[PDB]
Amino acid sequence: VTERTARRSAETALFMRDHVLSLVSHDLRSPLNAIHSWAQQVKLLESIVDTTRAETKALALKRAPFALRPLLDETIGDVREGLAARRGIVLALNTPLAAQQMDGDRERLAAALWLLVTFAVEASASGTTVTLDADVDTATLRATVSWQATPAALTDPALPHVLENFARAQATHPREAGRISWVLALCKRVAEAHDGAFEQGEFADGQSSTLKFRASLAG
């Protein structure tokens, strides 16, 4: 395990814990009122809000121009050495990007793309091809990972893994409407911090699954 893989793993887990806190910050609202509709000091709520709001402010502070294509190649290289090669997964990069630049938080985008690809690899069986597609259109960077999914591979103890065991287990769980697997929180947070969006498709039988990442170019 390289230092880079361990760093990316810890970042992923960090953002997943933020995601869990934000869900908690949200979901306790309704069953509380049902008890109180029969006829939680907000200060506890606010000190979790302060944590998530701090992370929110962290994700907006570092924007600087960088070359998109070396970032894509670094992503492929890092995931290949971290997990794809030892899982027998072929990584493919499809992009026309050569000299294009983006004014962005390069390190956070790097973490987001790493996780976008690593998640697909974790959910792939030996011999599967995971493809990272990436391009720009007007004001938007678009990165999509597409692959034929074997979601049982996420929790297979005979296979090497990089992501946390409980995160991998949680990712096989049926998703509530509009909600991501917790472990993808970093992709969602970084996308939305760049005035973008993140979409986790379902695990599709007989068809490719997709993760779709978008980020504004000049934010």
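In case it trips you up, residue 1 is the first one in the sequence shown, and so on.
Unmodelled residues of the deposited sequence between residue 158 and residue 159: none, the chain being continuous. A summary of the deposited B-factors shows that, of 60-68 and 22-30, the stretch with the larger mean C-alpha value is 22-30. Across the two stretches, 101-109 and 117-125, the PDB entry reports the greater mean Cα temperature factor for 101-109.
For the set 183, 42, 191, 162, the PDB entry assigns the largest Cα B-factor to 42. Annotation for residue 177: C-alpha temperature factor in the highest third relative to the rest of the modelled chain, per the entry. In the deposited entry, the Cα temperature factor of residue 187 sits in the bottom third of values across the chain's modelled residues. Residue 199: CA B factor lies in the middle third for its chain, per the PDB record.
For residue 210, the recorded CA temperature factor ranks within the middle third of the chain's modelled residues.
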